[PDB]
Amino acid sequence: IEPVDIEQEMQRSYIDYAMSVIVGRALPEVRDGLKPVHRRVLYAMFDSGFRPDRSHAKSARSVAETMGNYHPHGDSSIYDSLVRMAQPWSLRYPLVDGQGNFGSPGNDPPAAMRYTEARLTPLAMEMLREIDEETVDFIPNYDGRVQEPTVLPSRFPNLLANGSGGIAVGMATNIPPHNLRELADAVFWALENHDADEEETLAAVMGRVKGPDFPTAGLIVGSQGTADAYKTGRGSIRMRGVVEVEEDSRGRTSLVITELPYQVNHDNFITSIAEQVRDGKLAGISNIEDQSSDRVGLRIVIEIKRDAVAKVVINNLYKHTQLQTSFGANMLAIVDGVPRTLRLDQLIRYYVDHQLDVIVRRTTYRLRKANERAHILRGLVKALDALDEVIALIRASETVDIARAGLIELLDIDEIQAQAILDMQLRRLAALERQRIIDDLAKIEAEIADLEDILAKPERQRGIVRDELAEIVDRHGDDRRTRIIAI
């Protein structure tokens, strides 16, 4: 029996826990804004073919695939993570297309795994775009059976777009979501002004990213907290719901709440008001009625007494309920395996850096493949030019190896090319097919020239990110939801 000191054990064990939680659980990677479970769920669905070009698969299949290949944890919590990524009130830009009961902004829980189906969304398809072209590093999974991606291509700034909230050890993150179109403008500027220093970049990006854009709409009051978040990495952003005063015909006036701030439970909100009327801490309120429905959305009617001023009651609601509540921004993300609080300019820059890396790696991959096919095509063209001879040679061979070896001698060919000639079908010996081989060589050599040009010019590389991202935004970009007002 080996002896171990309690201090040694405690320090080692707790640090090991803290670090993996920090780096590999609770906090998002800065490049794709994803935690490990998010990334693994999405890739599992992707590899399984659960894409928008096919009907929704049973969500159990997504969980099981994620669990069995990438995420060595429980089915229950993985389903919760998948479900969340499908809720339009949770994610500003949902990555999962859910079919069925995925719950509500209130206390209505999602249906069980057995009831729901799920697939990737079109935007989630942009997260995984060209992942199979060596655009990101892969590592062995938890048992070395298969490979998994360390990070996704993330062809739109997902971290800032969808935000992230996570409790780790010794630290926690709380990045709000943002409007995709505004983020794109920031990225476009970062690409154009690629040499700009941090001071200029921060000023430019802050001008274009006007503030958080919550999926729950609502209001942002003030500009200081937003500015603090972008300048410091920490800031308190005051949120408000939307209240509309209605006057009944010779009746009492009532407050109609149609929107609430981010991450405010509708049922808890109603209950909080109801309980604060009981012992009596919100006088002036006469009646509370939830006229909400699937067709009109949120609609909480608060009828107030006749000897009560509407504006007074609303301020009381702002004071004593989450009708007004603050978002505690803490821009914490994992950068190169290290947790870091980032300015807005750093978040954009780091993302742009990732995009450029992806495009360069994609280009390199395509160039290598383009060369390989060209290499083989060159072989085919040699065969076509001496087609009469090629056939006669193969015929007299006792094996295919003698036929192969001869082809090398005849046309001065590699082993790969001769093999490709051997694998050639009589299909392609038709006139148009022979011409198709010729033209295909011409096409690839043209593509190779294009690819070489890209790798030699950073200008084009930045241009590709801009144009491809622009295409994504034009298709999937939407209006702002959260309205920004002054004090």
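Just count from 1 along the sequence shown to find any residue number. In this text, rigid core is short for the largest set of C-alphas that superpose within 1.5 Å between two forms.
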Greatest C-alpha divergence in 4 other deposited structures of this protein once each structure is fitted on the rigid core, 401-409 or 299-307
401-409
RMS Cα shift after core superposition in 4 other deposited structures of this protein, winner of 243-251 and 196-204:
243-251
Mean Cα B factor from the PDB record: higher for 217-225, or higher for 387-395?
387-395
135-143 versus 378-386 - which carries the larger mean C-alpha B factor in the record:
378-386
Candidate set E126, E259, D248, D75 [ranked by C-alpha B-factor, highest]
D248
Whose CA atom has the top B-factor in the entry, of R462, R436, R31, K35?
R436
Within-chain third of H178 by Cα B-factor, per the entry
lowest
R25 - Cα temperature factor, lowest/middle/highest third of chain
lowest
Splitting the chain's C-alpha B-factors into thirds, which one does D412 fall into?
highest
Could you say whether, by C-alpha temperature factor, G280 belongs to the lowest, middle or highest third of its chain?
highest
What third of the chain, by the recorded C-alpha B-factor, contains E372?
highest
